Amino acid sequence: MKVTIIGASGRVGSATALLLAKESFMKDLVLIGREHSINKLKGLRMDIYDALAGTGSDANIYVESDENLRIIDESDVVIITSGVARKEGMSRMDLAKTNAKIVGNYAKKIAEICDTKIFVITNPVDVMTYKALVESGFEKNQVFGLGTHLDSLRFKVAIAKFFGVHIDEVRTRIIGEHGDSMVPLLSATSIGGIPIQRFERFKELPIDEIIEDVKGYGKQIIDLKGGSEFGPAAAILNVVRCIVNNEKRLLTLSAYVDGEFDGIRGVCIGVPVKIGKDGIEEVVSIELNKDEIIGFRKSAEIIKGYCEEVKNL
């Protein structure tokens, strides 16, 4: 597999490059960034190769500036982590538009070298995925973002740790925006295939506290460690692996939705999606509880209220 990471110089990008290169399926990793970081990206490559000696793997790691994008040719997936972080004062809309410009330019330049999938990781992830689809011209099967996937996994760990089960034993889901308007789906939470509502502990579950903790999780990591890198990279690798082996898996990712749900249309939002070799091959239609569906509609409306201002910027 050939995967190009635009923004490997970053925290999440560099961790992602490590986790991907050490995989057997990864054969040609392309580390891209702006010119001033090329030397940094040349150090990263070095470091990665050392790990590849201790893990017993090998790959062909490349390093280039954001001008020569023919290195991106024939790439199966291009992960875009490039973006400006949220400093003090920037409104949600301000960062939305700034990173919209960055990500849309990258998507346009990608679409002009080869026909590939674009895995958007930059925030606002829903709006950036929307701008990526617009500026790439690719199909909806090709453009997707990380969305609320990581929040779903962060909810999964908490449900498991409270229920005394392995993390992988719990399989929950949080659809909607990667933000405060997120909707946790207790209807699609099961532990061993057993709906969580079939256990006597679901009555003792502090769902309100767990959901509050999940909502503020990212800012907590930003404050304690300065930022999350290992978890985001692991989730990215999960999606990439589902693609490389065509594991037709029902994950939750940011996707363009065209009415597969009640009133949800013309928006890139976190949704249940069947991922495989051809990217998002389907937007799975699920039955939601009343509360879940009202919240989902409202969240998508907010996401569209932001998508509007970057569609032509």
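Note that residue numbering follows the sequence shown and begins at 1.
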property: Residue range whose averaged C-alpha B-factor is higher in the record, 51 to 59 or 274 to 282; result: 274 to 282
property: Between the two ranges 7 to 15 and 291 to 299, the one averaging a larger CA B factor in the entry; result: 291 to 299
property: Given 98, 189, 152, 238, the residue at which the Cα B factor reaches its maximum; result: 98
property: C-alpha B-factor winner, where the candidates are 116, 197, 228, 172; result: 116
property: Third of chain Cα B-factors occupied by residue 104; result: highest
property: Where the record places residue 223 (Cα B-factor, split into thirds across the chain); result: lowest
property: CA B-factor ranking of residue 45, expressed as a third of its chain; result: middle
property: Third of the chain's Cα B-factor distribution that residue 130 belongs to, per the entry; result: highest
property: Entry-reported Cα temperature factor of residue 253, expressed as the chain third it lands in; result: lowest
